[PDB]
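Working notes, structure below.
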Amino acid sequence: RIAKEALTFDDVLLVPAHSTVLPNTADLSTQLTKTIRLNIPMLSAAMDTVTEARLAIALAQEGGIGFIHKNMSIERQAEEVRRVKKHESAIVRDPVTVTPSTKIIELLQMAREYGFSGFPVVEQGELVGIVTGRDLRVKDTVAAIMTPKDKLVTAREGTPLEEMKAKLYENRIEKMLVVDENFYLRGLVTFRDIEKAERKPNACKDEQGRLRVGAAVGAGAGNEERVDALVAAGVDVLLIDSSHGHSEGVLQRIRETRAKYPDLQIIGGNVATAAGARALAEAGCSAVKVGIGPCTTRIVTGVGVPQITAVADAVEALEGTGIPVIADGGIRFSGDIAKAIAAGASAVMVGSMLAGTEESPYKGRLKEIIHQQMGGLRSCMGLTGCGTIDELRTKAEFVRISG
Amino acid sequence: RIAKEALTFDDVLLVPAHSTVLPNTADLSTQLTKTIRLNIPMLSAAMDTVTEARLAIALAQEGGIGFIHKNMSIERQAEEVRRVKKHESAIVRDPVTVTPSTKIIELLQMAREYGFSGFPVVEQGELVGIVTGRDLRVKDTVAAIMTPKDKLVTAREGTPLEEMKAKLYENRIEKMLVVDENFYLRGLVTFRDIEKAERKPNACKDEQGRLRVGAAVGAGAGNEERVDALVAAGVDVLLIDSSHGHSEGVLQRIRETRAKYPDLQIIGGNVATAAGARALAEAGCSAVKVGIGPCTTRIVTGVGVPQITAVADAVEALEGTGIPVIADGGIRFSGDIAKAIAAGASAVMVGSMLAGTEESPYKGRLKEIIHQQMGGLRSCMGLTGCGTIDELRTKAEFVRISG
Amino acid sequence: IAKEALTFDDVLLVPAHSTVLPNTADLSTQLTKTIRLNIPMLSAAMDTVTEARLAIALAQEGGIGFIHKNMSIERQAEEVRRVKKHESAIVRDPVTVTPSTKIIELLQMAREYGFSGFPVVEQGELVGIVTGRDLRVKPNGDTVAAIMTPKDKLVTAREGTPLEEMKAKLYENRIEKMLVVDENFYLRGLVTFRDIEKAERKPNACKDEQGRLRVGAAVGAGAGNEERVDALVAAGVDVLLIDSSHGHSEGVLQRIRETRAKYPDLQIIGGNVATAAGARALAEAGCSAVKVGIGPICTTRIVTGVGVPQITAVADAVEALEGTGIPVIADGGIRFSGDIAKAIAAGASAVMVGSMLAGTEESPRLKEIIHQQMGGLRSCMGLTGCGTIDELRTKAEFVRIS
Amino acid sequence: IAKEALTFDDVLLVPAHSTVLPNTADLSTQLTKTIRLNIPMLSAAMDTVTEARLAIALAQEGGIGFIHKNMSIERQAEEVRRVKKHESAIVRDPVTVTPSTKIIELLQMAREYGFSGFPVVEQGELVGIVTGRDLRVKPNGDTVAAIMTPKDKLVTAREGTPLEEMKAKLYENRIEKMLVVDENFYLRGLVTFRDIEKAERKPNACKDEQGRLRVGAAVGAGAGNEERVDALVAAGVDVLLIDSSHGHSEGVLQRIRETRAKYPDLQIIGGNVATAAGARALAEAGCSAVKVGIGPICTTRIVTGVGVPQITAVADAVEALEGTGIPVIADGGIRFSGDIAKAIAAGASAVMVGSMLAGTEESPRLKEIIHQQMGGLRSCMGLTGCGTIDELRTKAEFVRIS
Ligand SMILES: Nc1ncnc2c1ncn2[C@@H]1O[C@H](COP(=O)(O)OP(=O)(O)OP(=O)(O)O)[C@@H](O)[C@H]1O
Ligand SMILES: Nc1ncnc2c1ncn2[C@@H]1O[C@H](COP(=O)(O)OP(=O)(O)OP(=O)(O)O)[C@@H](O)[C@H]1O
Ligand SMILES: Nc1ncnc2c1ncn2[C@@H]1O[C@H](COP(=O)(O)OP(=O)(O)OP(=O)(O)O)[C@@H](O)[C@H]1O
Ligand SMILES: Nc1ncnc2c1ncn2[C@@H]1O[C@H](COP(=O)(O)OP(=O)(O)OP(=O)(O)O)[C@@H](O)[C@H]1O
Ligand SMILES: Nc1ncnc2c1ncn2[C@@H]1O[C@H](COP(=O)(O)OP(=O)(O)OP(=O)(O)O)[C@@H](O)[C@H]1O
Ligand SMILES: Nc1ncnc2c1ncn2[C@@H]1O[C@H](COP(=O)(O)OP(=O)(O)OP(=O)(O)O)[C@@H](O)[C@H]1O
Ligand SMILES: Nc1ncnc2c1ncn2[C@@H]1O[C@H](COP(=O)(O)OP(=O)(O)OP(=O)(O)O)[C@@H](O)[C@H]1O
Ligand SMILES: Nc1ncnc2c1ncn2[C@@H]1O[C@H](COP(=O)(O)OP(=O)(O)OP(=O)(O)O)[C@@H](O)[C@H]1O
Ligand SMILES: [Mg+2]
Ligand SMILES: [Mg+2]
Ligand SMILES: [Mg+2]
Ligand SMILES: [Mg+2]
Ligand SMILES: [Mg+2]
Ligand SMILES: [Mg+2]
């Protein structure tokens, strides 16, 4: 009964091809699900050491999409989603505000805590002043030291980012207040954010232009109050994440959630076989995750399928569904990403890679890791003659290496 | 002549399957021989650093069955068996007693040595008092300080463990004396033992409810006085253990022992081929052990078959005999156990694993090792869609990995 | 300028004629004129060294520990009060439980005090007792009244009963705990079997005139020292340590004088000094005992450059106070058993230690550190021919080594 | 207080005018007034240093070893008696075998004494000899009578025969062993070829008036010292060492006085002291030699704080005994050959060592440790101009180094 043969990343190499593709001109975009299109093929995994609201924003601005983890309160997990959801490429709807009668003592705690010293001043939604770093080098309430209503530089909602950069610079100020017909605060946008959005203009957003975001839950029932709470928080894609997704209890959860939310984008995981991939698709998954022990699952449980064979078997299973496959774990170096995609994955998940970054809960700023990795994928596509992630997943051939 | 190909644990992985099996509800029981059923698929090996009476009791209470080693006197080996055999789940028949005229000086040596300070007091079988830790904080003979006959809390043989827990608690005491119609001591059972037997209620016992136990001998004749002495001591399964069990001298011993004890459960080992497995079965083995160099046997002698192929070849050989196969040695991690079973073993032997424990002759208590390992097997069965050890040995498919 | 000054390591004790064995030597010494110790050892007033638990253990070995001042004034009083409520083996005001108490709260009440034996009291009267045995099985959720040994089955002894007696009652009933009661069956205290055995094996407890374990506490320069003083005096502290990085200050001397005024009665330890004139200041300000040690953590000297090597320091204080009957404690610099003996030989009437006990069970086991430290002292007493601490303070001779 | 005190490392020996070569220097020195050594070295009374085997080897190099007191009184007497039964090269009371003895027991009798040559004695008379040669082949199981060289083929010498003579008999017959016999052909002892060669190459054995190797033993404070004393006196010990961690005790002084009473005759070493008045006590109590060394295992000072640096110690004893003719031994602190020379120069008449020999073949090889240690002494004797130990004790000069 002891026979088949299966292949991992280190077992294969990608062959070079005639190419007209250049690294800086390859297109890194890919359909995560039939309705969500990433600009880079990367997801951050929902681990308490990788992804909360901070990194999810950082990654969606890069082109990707982060997944808030369930090792936190139901209510704290929903507010994380809302925090990403209230983000644009570079405008912050629902900023952290103050009121005129905020004491200035209580105001320096907000800045010591929040890391930015600049807040719009409000009065039940009506914008009323603004108080920033410069207005604190003295001692009373905000109202004494705030820049009053009549001198506020603002922009109506809809005005393009350039018109606000013009305005911000002409007025020699760092914070633009987005404002209503009735002067109700609708958004805050710094000079920092507009520069960081003219470069890297490939944020992954929905049809309302707001940052896309995922969230994970486990299966096993009882998660209904949670699954409902992240939907209510307007998550883009719900992750129903399992150590073994071909079990009946997981298929069940997925069947149930698809009933209560016919258009919500769901990833089920993790499978490792064509059967699991079909059953996860058949229960209602928008995309399936693949990663059974690629890892103590192997040493402890004795169970696993190496990623190269697992991905390509899930993908063969699902031809003609439009249900994409995510490769999850086993990721050592950058070229492993390229192999995973070449084996037919439409995106990859990573978590250990990003677990020490700045924007995560030994460090780095996210934009540099994503750059080194995405430059590696760019190299590969130029070498394989593959302009789009579409081309790579279907064109590039493999070669088997030994030692 | 230099051709075949053979597979070890690290050469294979177990594939995931559709599953309705949960770890905490999988059934770990398996037929060791046609008449002995373990509750977990584990044997401890008969090594002077692993298994004597202490660990054999510890393991049989867990579900398994330990094998007393032959690196000790014939007479000391039989008394080890009797010691396990006089154990129930949690009642000690033939406790360590005293008599009223035992000096109390000689009594503290018994406690310094034996590790428990509580002994029933007897007078040629008649129970007569009891002396425990509390009765020593003074200085004469036992008779001065013992709790007299008329105040002894006892229970007739047959009373359930709960009725004795009731009685022990109602009387605010830690030791229950099991007693005859004629007040002859028949057993001792502490409060400790009843708690440790309400949890972990899967002790592996015979039809008299007494702890099961194995014992090893070598072949090569002259062992007859020993083989007879362990039978006389009421061992459950005799191990006739050899570096090479397909030799004629071992087949012979086994043929002879089966003649003198037609219903004694015998394991012969070790073989590594279908031929050896058939010949060991044909000589009269209840179960065959498989492990030729999986180990200096390999480096020194140059000889061996990797376990995965050896097990599955022995098991194919023996289809339709009801003679089970034990995988022996080569065991690194927990998932190796699962692979061995999946290759068709009905139990596994381990020894190095348990060589530092508490209950063995760098440590641990046995119940924790057996827990971590059996939880690993439980993981695997949930992943492979396999509820019983029966299902695992016959359903779960394999996948071949390289590097 | 420049006068030579020796540390412990610069000296060695001379063997003299000896009629003293280790087992013979008398380790007792007068802390102050009212307070005599049974081993010449003090615990430092440090958050990682001495609190109520350790101050009771030191006392049971023969010494005194000092409760640190890193607490609210009220919390420290209870520490000191907690020590004071231990006699020989009796334990006054033991923790009780009411026959209402739920067992889920009773076992809640177990994991934090450590023990499981609580007397059951119902608004003054003593009605039962629960021990870990009664807890073993859930009654059926009911309360403590449904597991307890009841009043008509309580084994008690009248207060004043000899300790050897209520031990024999304890053996005869085979029970671990003894209830001590007044003539109205009111709970005077709890005495366990374990305590009585640690009172034959530790007959050298440094106790009070009412039989209570002894204890000290430290106050500092903080802007509420006055009230800290009074809290401890009223909480019944045996000795007060006005403790200073630099006791030859006018701030300390102030406090020392102001306190001896308000409390003509209270045994006072002032420190630290390292000079004769420093010792005179603390004495004349009204101290019972001077603590010496400025310099002997070796960052005092490094960051500041200030210090006096311990042996010269101790011996200048002793000499500056020659005739006054004011004792001198040696604080810090003490690594080995042999440093203790040198401190006492230079005239210290007792020794303070902190980091030598900082990782003990009683620290925030200790029976053993004291046994080997005091065992070396005994060795040294035998080798030098001094069987009384007062002998080793005045008799032993020194030799300069390189 | 405080008088300076030097160790070995604090001093250096001054070169003086010298007419002495290393080969010239006379290493002999008077242990006591009856006992003179040929090298100024003693073995310590330690379970891992000196027993009968080593006490014979030290004696053959010129010194005396001391049998430890970690034994039954009777077992120690046999140790001491065992040493005493070696003359120059003769070996009295050698192990014999009876013509009954089975060879399976004879070879059993080989692996534990080490050797294979046993004289064969049948109830007094000498009847043969078996050596490893006769054992080589099984006779056919028979006994020793069937392999032995028989009486009519025995090569013997009459007791009193010169050692050079019975060597030449040995060569002439080409046999390894020589039997020494009285005028009745009774076995007086055994002399091997190996011994005679180690008696020309080691002509400096510290022997007794009957020609017997010399030896000492230690008694302690234990509750049966009296009988330990007598066992050794009767077993024929040369010197008795009443040995103490602290000999300025009234317990030792007691024992010293009580023994010199019972034995006006017996050469006694008392120790250890480290003071003049300590040396006087031991002398006046009736000692032949005082052992010095309290402090020089360096845990004496660490656990206890007590000790005197070895050089000051040795020199205070020597001076305190100036005129009495009582010698002084220096015990411990001795690492190098150069420490020995400093001890003797400070006035020690001899030196004790333990850990310097603790891992030798003769310990529970040694010819070599003594050769290099004594070779350095010779070097130092040449460089300082002292050819007699008495010279190096009184002539050499010291210089203080840092
Ligand atoms: N009140 C707020 N609520 C939410 N996010 C805010 C708020 N104020 C600032 N931010 C965000 O946090 C970032 C911190 O920027 P910060 O206010 O320190 O910079 P700045 O003062 O505009 O710029 P500079 O550092 O050039 O002086 C902003 O760029 C914006 O992304
Ligand atoms: N949109 C705005 N309309 C009117 N005044 C504004 C606006 N944004 C900022 N200001 C005011 O301009 C001044 C500086 O604002 P800005 O955010 O550029 O400074 P800052 O963050 O305090 O500067 P720094 O870079 O020194 O930390 C403050 O008095 C602030 O209240
Ligand atoms: N006389 C005996 N002979 C054989 N086995 C015994 C004997 N007495 C006790 N045992 C076993 O050894 C164990 C040691 O238990 P022990 O007597 O120290 O506990 P106990 O006093 O009943 O309990 P506790 O620790 O709660 O006070 C018992 O739990 C039982 O398994
Ligand atoms: N079955 C019994 N019948 C009568 N008396 C008993 C019985 N078992 C124990 N005792 C008595 O009860 C008392 C305590 O018994 P138990 O075994 O509970 O205590 P222990 O092991 O000495 O306690 P500890 O937990 O303090 O070590 C003793 O006097 C003992 O003789
Ligand atoms: N209610 C209490 N209040 C204060 N101190 C207590 C109390 N109970 C116990 N102690 C202290 O704790 C110790 C006894 O605790 P413990 O509960 O472990 O005794 P025990 O179980 O009855 O004796 P053993 O464990 O030997 O069978 C005593 O030394 C005693 O000082
Ligand atoms: N003074 C007393 N009077 C009456 N009953 C008592 C008394 N002290 C304890 N008991 C009862 O005796 C039993 C427990 O005895 P004890 O307190 O001496 O041991 P324990 O510390 O609970 O047990 P263990 O040693 O097993 O931990 C309980 O039923 C308890 O209520
Ligand atoms: N019977 C004996 N009794 C006591 N000592 C003995 C006895 N026999 C030998 N010795 C000691 O052992 C040494 C000789 O032992 P050994 O048996 O090795 O001599 P050997 O074989 O005759 O000489 P070689 O080995 O050089 O040929 C001597 O130095 C001697 O002191
Ligand atoms: N004094 C003696 N008189 C007669 N025969 C002797 C005498 N000494 C030894 N022999 C005999 O000489 C033979 C052995 O000679 P010797 O004892 O000198 O050497 P050995 O130590 O046995 O041998 P080896 O050097 O080979 O170990 C034996 O036959 C022995 O009995
Ligand atoms: Mg700014
Ligand atoms: Mg700025
Ligand atoms: Mg007990
Ligand atoms: Mg108990
Ligand atoms: Mg107890
Ligand atoms: Mg030879």
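Protein chains in written order, with the deposited numbering: chain B, 23 to 161, 166 to 320, 324 to 390, 442 to 483; chain B', 23 to 161, 166 to 320, 324 to 390, 442 to 483; chain A, 24 to 163, 165 to 320, 323 to 390, 445 to 482; chain A', 24 to 163, 165 to 320, 323 to 390, 445 to 482. A prime marks a further copy of an entry chain. We put the beta carbon where it would ideally sit given N, CA and C, even for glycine.
Less than 8 Å separating the beta-carbons of residue i and residue j?
i, j, result
"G319(A')", "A341(A')", "no"
"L65(A)", "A376(A)", "yes"
"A346(B)", "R304(B)", "yes"
"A309(A)", "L277(A)", "yes"
"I449(A')", "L463(A')", "no"
To the nearest angstrom, how far is it from the Cα of residue i to the Cα of residue j?
i, j, result
"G385(B)", "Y442(B)", "6 Å"
"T52(A')", "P335(A')", "24 Å"
"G240(A')", "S459(A')", "29 Å"
"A25(A')", "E471(A)", "18 Å"
"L256(B')", "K108(B')", "14 Å"
"residue 322(A')", "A300(A)", "A break in chain A' separates 320 from 323, and the residue in question, residue 322(A'), sits inside that break with no coordinates."
"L446(A')", "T167(B')", "57 Å"
Ligand 11 heavy atoms versus the CB of residue i: any closer than 7 Å?
i, result
"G140(A)", "no"
Looking only at its own chain, which residues have a Cβ that is under 6 Å from the Cβ of residue i, when we skip the five neighbours before and after it?
i, result
"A75(B)", "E102, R105, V106"
"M190(B)", "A181, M202"
Can you tell me whether DSSP reads residue i as helix, strand or coil?
i, result
"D157(A)", "helix"
"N249(A')", "helix"
"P227(B)", "coil"
"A374(B')", "coil"
Going by the C-beta, is residue i closer than 7 Å to any heavy atom of ligand 12?
i, result
"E200(B')", "yes"
Would you say residue i touches ligand 1, meaning its beta carbon is less than 7 Å from a heavy atom?
i, result
"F217(B)", "yes"
I'd like the list of long-range same chain contacts for residue i, defined as Cβ closer than 7 Å, with 5 residues on each side in sequence excluded.
i, result
"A223(B')", "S111, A112, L187"
"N296(B')", "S268, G271, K315, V316, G317, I318, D357"
Is residue i near ligand 4 - that is, is its Cβ less than 7 Å away from at least one heavy atom of it?
i, result
"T154(B')", "yes"
Spatial neighbours of residue i within its chain, please: CB distance less than 8 Å, with the 5 preceding and 5 following residues excluded, ordered by chain position.
i, result
"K193(B)", "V179, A181, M202"
"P45(A)", "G455, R458, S459, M461, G462"
So does residue i have its beta carbon nearer than 7 Å to some heavy atom of ligand 5?
i, result
"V118(A)", "yes"
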